[PDB]
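Colleague:
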Amino acid sequence: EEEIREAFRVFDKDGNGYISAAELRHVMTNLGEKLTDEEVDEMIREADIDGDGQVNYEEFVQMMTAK
Ligand SMILES: [Ca+2]
Ligand SMILES: [Ca+2]
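Quick note: the sequence shown uses UniProt numbering, first residue 83, plus one each step.
1. Starting from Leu-106 and walking both ways along the alpha helix (DSSP H), at which residues does that stretch end?
2. Just to be sure I understand the criterion: a residue counts if its Cβ is closer than 7 Å to at least one heavy atom of ligand 1. Which residues meet that?
3. Determine the closest residue to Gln-144 out of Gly-97, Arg-87, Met-125, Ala-129, with distance taken between C-alpha atoms.
4. Is the beta carbon of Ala-103 sitting closer than 9 Å to the one on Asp-123?
5. With a 10 Å radius around its C-beta and 16 neighbouring C-beta atoms as the bar for buried, classify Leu-113 as buried or exposed.
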């Protein structure tokens, strides 16, 4: 849907394909709830399921969607 994807398009402001923790916090800002840098690091954790040291779009799905 646009909600998830298109807002994700705004989320990736640069459209680089890759999400940083800092951008997680952006999405968090969009979400209303803004967590601090500390938590943003936890965003790497919760968002980084593949374990590459980065947050990607696939993982953006894997974080919310999960399994
Ligand atoms: Ca980005
Ligand atoms: Ca990753």
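Idealized CB from N, CA, C, for every residue including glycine.
Modeller: Working from what's here:
1. Unbroken alpha helix (DSSP H) run through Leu-106: 103-112.
2. Every residue passing the under-7 Å Cβ criterion appears here: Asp-94, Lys-95, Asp-96, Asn-98, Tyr-100, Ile-101, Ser-102, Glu-105.
3. Looking at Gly-97, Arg-87, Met-125, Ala-129, the one whose alpha-carbon comes closest to that of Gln-144 is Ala-129.
4. Yes, Cβ-Cβ distance for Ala-103 and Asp-123 is below 9 Å.
5. The C-beta of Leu-113 has fewer than 16 other C-beta atoms within 10 Å across all chains shown, which makes the residue exposed.
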